[PDB]
Structures are given as C-alpha cells and as structure tokens.
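>>> Sequence first, structure after; it's an experimental one.
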Amino acid sequence: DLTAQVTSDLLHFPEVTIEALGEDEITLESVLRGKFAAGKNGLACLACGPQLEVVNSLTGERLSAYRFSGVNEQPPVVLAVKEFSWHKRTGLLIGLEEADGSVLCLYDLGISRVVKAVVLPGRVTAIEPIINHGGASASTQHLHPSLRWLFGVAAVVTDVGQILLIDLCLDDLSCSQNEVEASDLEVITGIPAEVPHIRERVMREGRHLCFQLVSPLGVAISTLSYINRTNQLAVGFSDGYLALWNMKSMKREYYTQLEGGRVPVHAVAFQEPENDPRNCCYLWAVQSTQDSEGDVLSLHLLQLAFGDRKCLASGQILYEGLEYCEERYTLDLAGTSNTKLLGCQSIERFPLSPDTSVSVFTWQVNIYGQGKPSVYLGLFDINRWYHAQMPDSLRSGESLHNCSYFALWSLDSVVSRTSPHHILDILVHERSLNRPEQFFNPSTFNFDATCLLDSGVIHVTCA
Amino acid sequence: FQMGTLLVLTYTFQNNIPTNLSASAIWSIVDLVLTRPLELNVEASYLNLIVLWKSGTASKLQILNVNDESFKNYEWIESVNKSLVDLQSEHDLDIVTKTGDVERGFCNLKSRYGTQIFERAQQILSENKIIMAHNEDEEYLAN
C-alpha cells in the first residue's frame, strides 16, 4: 500500500494571484485550470477566464501575469497554453477562445506582453508547437520542404476538426502586436509548392501563412501532440479516433478508433522500450468523459512498429516508415462516481534507446455522497511490461496494487493535508526517479513530485 | 552531398545537402568519413559526416551534423584550419618568443619548427645558392 508522503507545507500563491483568479465569478462560470509547463523553465500556468498567472512550480511565486482583452470588446477565455522558446526568448503560445472565433498568441515571459497574434478561422481546442525556427539548417530537415520555408510553426486544431499549421513569422522582428491587433491568416488548403513567392506576398499584405490539412471536417479534435521521436503529429478526436500525421510527408499515416469506442481522446504520452527487436515504440492514448459525465476513463497502449531508425544530422533519432499500429494494452480506470485524469507524463532516462522508460498517470475519483476524493498516481514501466510478456490487460484477480509492471500510489495524504483545495495537476521530477527479479518491479521506484493546487503548490515523496 | 538509405537490395533517396563553400568553390574532396555522432554544441544529432577539402596546400575540415532521421534538418560546423602557433606567427600576435640576436632568431625558428623542416629548409637554401654571409646576416634569416 504505497502512500505518498507530504514533504512541504502548502506554499501559497501570493494574494494578488489568488485574488486575480477569483475574478472567475464575473467572467463566469469560469473554471480555474492549471498545468505544469512541459519545458525546462520550471513554470506552472493557471488560467481563469481571461486571466493568466504564471508561477514558479516549486515555490508558488508569481512570475508573470496578464489579462487578455477581446478584439470584439468581450473577454476571451484562455483555453490552451504551451511553453515555447525561440531565439533567446522564453514564452508561451496561447489559444484564446473569443465570442467570434479564436486567437493564437505568442506571449513573451521576459516582458510579460503578447508579441505576435493571429485570428483563427474557428474555435480553438488545442495548440502545439512543431518547431521554433526556420532557415536552412540541419535542424529542420525532418520537416516537409514547405514547412521549412516558414519561420516557426504551430499546429492549431478546432472544434470542427480543422488542422492548421501556422507560420509564426519569427523572422519578422519589426512586428510587435498584441491579442487585440491580431493579424489575419492566409489559409491555403493542403500543402503547396512555391511557398517563398506566396509567403512574401502574404507578409507584404500583413498576414501569416497557414496550411490547412486536407482532413474530414465535422468532429471536434480534443487532443494534439507532436511526437518528436517519430516526427508524427498525434490528433485525438472527440469521437475516440486517433490520427497520426507524418510531418515530413504531410500524410495521415494512421487513423483508427480506440477500443474505448466513441469517447474523447483526452491525452497521449510516448514511450520507447530499451530493447525491441523490430523498432517498436509506444503511444498511450487516454479516453475520458471527464468534461461531460465523468463516468469513463481508460488507458490504451498503441504499439507502433516502424521499418527503420534514422540518425538525423541533428544527432536525433527518428523512427521512420510506420508498418503497423495496434492496441496492445487496455486498462479501465472508470466505466455513482466521478473520475477525471489529472495528468499523464512520460519519464525516460538514456544511458539509442532509453534504459528507463515509465509513464505516470494521475487521476481523481469522487464518490457522490463522499466529500474527499481519492487521488491515485500509477507508474507504468514499459520494460517491465516486456518482462511480463506483454499481457493485453490485467488478468483475472490481478490488481494495480499488485502488478509487476505497474506501481500504484495513493495521494490521499495530500488530499487530507490540502482540503478543500483542488489538485489541478501533478508533476513528477524526472531527476528524482530512482530504484531477485521481483525487485525491479516499479513499486521499488522512488521519486519526488509536486502537486499544483488552486491556491498553491505542495511537494511529495513516494518511497 | 546526396544521402539515402540502403535496405532489403534497394537504395532510397532522402535529400540533397549542398555545401557551404565560396571564393568560387575551388576546394577538392580529400577524404570523407560518415560516422556516429560527436559531442558538439548541438545535442540535436543523429549522424556526423567528417569532410576534408583541399585547395593547394591549404586545407579545410568540416563536419556536417544531421539532426534527425530525415536528412533535411542539418547544420555545417567549421573549424580552424591553421594551428595557433602558425596563426600567431602569421598575424604577429606572439608576445612570448624572445627577440634580439640573429642567432636568437635561429634558436627560435629551430625550436619552433623541428629539425626535419629546419634542415629541409636549409637544404632548399643552399640549392638555390642562398648562403649565410656572417653571424649577423639578417637578410638571410628573413629568407
């Protein structure tokens, strides 16, 4: 019965941060959302209505704050936030939902200002940087020639299924615009040739070039992730389908409904095994109804088999030539109760392939007529799953509490300690992950983590 | 620099990577060696091509770093093609070497160059009938 132990007090955000977010009840009915940023700057971001607060992930200190304004005199909602660094600047890409449509912003943390913005032809559901620079360089050779003519590229997806690849025009240093002065896009359907001629005109007209992928419309995209090691954009749909798009060829390489059926794809996470005999790697896909009923939460492990590995001039390894993609593990966490995924995080250590690769899933279960939720952190070890002979599900009788390739931790001490504050996100600290065959079960892994709450941060150790 | 992949037998193109060379491009390949990546200032690396050009007795060493398994993102890394000792001597940046006597300069050059070269040079001198007049023939040392 592995139980996390709390190692700090609750380190509160400053009052000014708490107060600013609590203006949630005017731009209401605004939900406070918060995530640790994926990059290497130790940031966590909280958003409520038009208000963004960037805080220090370990101390709770306020680092940056901004209240977005609406181009159409009505407050936008900060919907999506991603870390993004370019040149020698550190920033965030931000998707704003507006009454009309949407705006994609580039927010500079150095000066706490929006520096670029574009109007989106739809309602954004997710955003993802693809690359932070252009120019002819070994570092962009993995991308389709047409993207290489662009200068920074962000993917943006919408509630009707548009997939947009947008030029961030990071080569234009004369243009400093806020979210109110957003530029229009020039959207070309598919992927053209003669990009430079087009681009030059497009920018003389004060617009950003956008390639919209030829892809069916009508179903909302719910998840979006660029998988660096396979050069694939993963596009998860509200109907349970998952698309993989190769960003070299710009073609959709895979597209199938996950085994949970018509339930939205809520998150993905990539893993690479240490020793696999046919260039297989893995993509977890999480299906969840947490934004509606909250009755279904399931994990789906997709095995992606490729024909080759390629060392790029950059030094990076790339899986190339997708030969098959098939679901090889399924775990139902839910499906009265209410269950929601808090986080989904992959941690890999390299000594070629990582010698350690785990995915961490954190989820919360609320039973109706039960005040305090249970919170779980589960650690899946892909190599121990190999060692266990790749079972496709928990066996009869088998439990997460006693599984050779999965460790289950209770975060209930955190819940007791922090009530009634809500856990918004959980980050495991990669650098802390530390270790008779049973001994190499992941239950013996020690690690530290930080929970992001609505009012601060708090540190835990699992040992 | 074309580079594809071999597999089964099939060769399959990936990309043509040009060179970065100017002054008309008058360098000749001496040797190239494709190999496992180095420890360069860019962690984004998949493969490394070491390249050795020549133009007369002047040489040029470059490393092409390919970032990913697509051969479309890469970066050219140059190097210094003269040693510090040589650059310092050419550009008169040498503050340490003792000045003064003509024989002082003799010791200086002897010690700097090594006997193989110093004697080959003294061989070339006498063949061309250039002979040291006296202890203090500065016109000789110059040569």
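It's in. Numbering: from 1, shown residues only, chains lettered A, B, ... in the order given.

>>> does the residue in the stretch 351-463 of chain A positioned nearest to chain B sit in a helix or strand, and which one?
The minimum distance from the stretch 351-463 of chain A to chain B, using CB to the nearest CB, falls at residue A:352 (10.2 Å). In short, each C-beta sits where N, CA and C put it, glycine included. Using DSSP states H and E, residue A:352 falls within no helix or strand.

>>> For it, list the residues it contacts.
Under the criterion of CB atoms under 8 Å, 6 or more residues apart in numbering or on different chains, the neighbours of residue A:352 are residue A:317.

>>> Could you list the residues of chain B in contact with chain A?
Contact residues, chain B versus chain A (CB under 8 Å from any CB of the partner chain): B:5, B:7, B:15, B:17, B:36-37, B:40, B:42-49, B:64-76.

>>> Now do the contacts for the spatially most central residue of chain B.
Nearest to the geometric centre of chain B sits residue B:81, at 3.2 Å (CA atoms, centre = their mean). Residues near residue B:81 by CB under 8 Å, 6+ apart: B:58, B:59, B:60, B:61.

>>> can I get those in JSON lines with neighbour count?
JSON lines is the format used below for those (neighbours: other CB atoms under 10 Å in any protein chain shown):
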{"residue": "B:58", "neighbour count": "10"}
{"residue": "B:59", "neighbour count": "14"}
{"residue": "B:60", "neighbour count": "16"}
{"residue": "B:61", "neighbour count": "14"}
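
>>> So which of those is the closest to chain A?
The shortest approach to chain A among the contacts of residue B:81 belongs to residue B:61, at 16.8 Å (CB to the nearest CB).

>>> That closest one pairs with what?
Residues in a beta bridge with residue B:61, per DSSP bridges, are residue B:52.

>>> list the contacts for the nearest residue to residue A:336 once chain neighbours are set aside?
The spatial neighbour of residue A:336 that comes closest, neighbours along the chain excluded (CB to CB, 6 or more residues apart in numbering or on different chains), is residue A:368 at 4.9 Å. Residues near residue A:368 by CB under 8 Å, 6+ apart: A:336, A:337, A:338.

>>> So which of the residues you listed is the closest to chain B?
residue A:338 (42.6 Å).

>>> Quick check on residue B:23: phi, psi?
Phi and psi for residue B:23, reported as degrees, to the nearest 10, are phi 60, psi 30.

>>> Next, count neighbours for it.
Residue B:23 has 7 neighbouring residues, counting by other CB atoms under 10 Å in any protein chain shown.

>>> contacting residues around the residue of the stretch 1-150 of chain A found nearest chain B?
Residue of the stretch 1-150 of chain A nearest chain B, by CB to the nearest CB: residue A:138 (2.3 Å). Each residue near residue A:138 by CB under 8 Å, 6+ apart is listed here: A:312, A:313, A:314, B:44, B:64, B:65, B:66, B:67, B:73, B:74, B:75, B:76.

>>> And for residue A:14?
Residue A:14 sits in contact with A:60, A:61, A:62, where contact means CB under 8 Å, 6+ apart.

>>> what bridges to the nearest residue to the first one once chain neighbours are set aside?
Take residue A:60 and drop its neighbours on the chain: the residue closest to it by CB to CB, 6+ apart is residue A:11, 4.3 Å away. For residue A:11, the beta-bridge partners under DSSP bridges are residue A:457.

>>> pretty sure residue A:11 contacts residue A:456?
Yes - using CB atoms under 8 Å, residue A:11 is in contact with residue A:456, at 5.1 Å.

>>> When those two are compared, which one has more neighbours?
Taking neighbours as other CB under 10 Å, residue A:11 and residue A:456 compare with residue A:456 leading, 21 against 18.

>>> which residues touch whatever residue of the stretch 151-300 of chain A ends up closest to chain B?
Nearest to chain B in the stretch 151-300 of chain A, going by CB to the nearest CB, is residue A:248, at a distance of 5.2 Å. With contact set as CB under 8 Å, 6+ apart, residue A:248 has these partners: A:142, A:143, A:144, A:231, B:70, B:72.

>>> So which of those residues is the closest to residue A:389?
Residue A:389 lies nearest to residue A:231 out of those, by CB to CB, at 30.4 Å.

>>> For that closest one, grab the count of nearby residues.
Residue A:231 has 26 nearby residues by other CB under 10 Å.

>>> One more: residue A:244?
Residue A:244, neighbours per other CB under 10 Å, totals 22.

>>> With adjacent residues omitted, what lies nearest to it?
Per CB to CB, 6+ apart, closest to residue A:244 is residue A:254, 4.1 Å.

>>> Mind telling me what element that neighbour is part of?
Residue-wise, residue A:254 maps onto strand A:252-257 under DSSP H and E.

>>> what do you get for residue A:377?
Applying DSSP H and E, one finds residue A:377 within strand A:374-381.

>>> ok, now residue A:417?
For residue A:417, the host element (DSSP H and E) is helix A:412-418.

>>> what's downstream of that helix, the next helix or strand?
Criterion used, DSSP H and E; the element after helix A:412-418 is strand A:423-428.

>>> Quick one, which of the residues of chain B next to chain A are buried?
Neighbour counting by 16 or more other CB atoms under 10 Å in any protein chain shown classes B:15, B:17, B:37, B:42, B:44-49, B:64-76 among those as buried.

>>> circling back to that earlier point, from the residues of chain B next to chain A, which land in strands?
B:5, B:7, B:15, B:47, B:48, B:49, B:64, B:65, B:66, B:74, B:75, B:76 (DSSP state E).

>>> contacting residues around the third one?
By CB under 8 Å, 6+ apart, residue B:15 lies in contact with A:141, B:2, B:3, B:70, B:71, B:72.

>>> that older thread, note down every partner strand of the strand holding residue A:377 and its orientation.
strand A:356-367 (antiparallel), strand A:406-410 (antiparallel).

>>> Flag every buried residue along it.
Neighbour counts over strand A:374-381 (16+ other CB under 10 Å) mark A:374, A:375, A:376, A:377, A:378, A:379, A:380, A:381 as buried.

>>> biggest separation within these, which pair?
Farthest apart among those - using CB to CB - are A:374 and A:381, which lie 22.8 Å from each other.

>>> Please list the residues of chain A that sit near chain B.
Counting by CB under 8 Å from any CB, chain A sits next to chain B at A:137-143, A:145, A:148, A:231, A:248, A:307-320.

>>> Recalculate using a threshold of 7 Å.
Contact residues (CB under 7 Å from any CB of the partner chain) of chain A with chain B: A:137-143, A:148, A:231, A:248, A:308-318, A:320.

>>> Return the subset of these lying in strands.
Using DSSP E, the residues of chain A next to chain B in strands are A:308, A:309, A:310, A:311, A:317, A:318, A:320.

>>> one step back: now the common contact residues for residue A:11 and residue A:456.
residue A:60 (CB atoms under 7 Å, 6 or more residues apart in numbering or on different chains).
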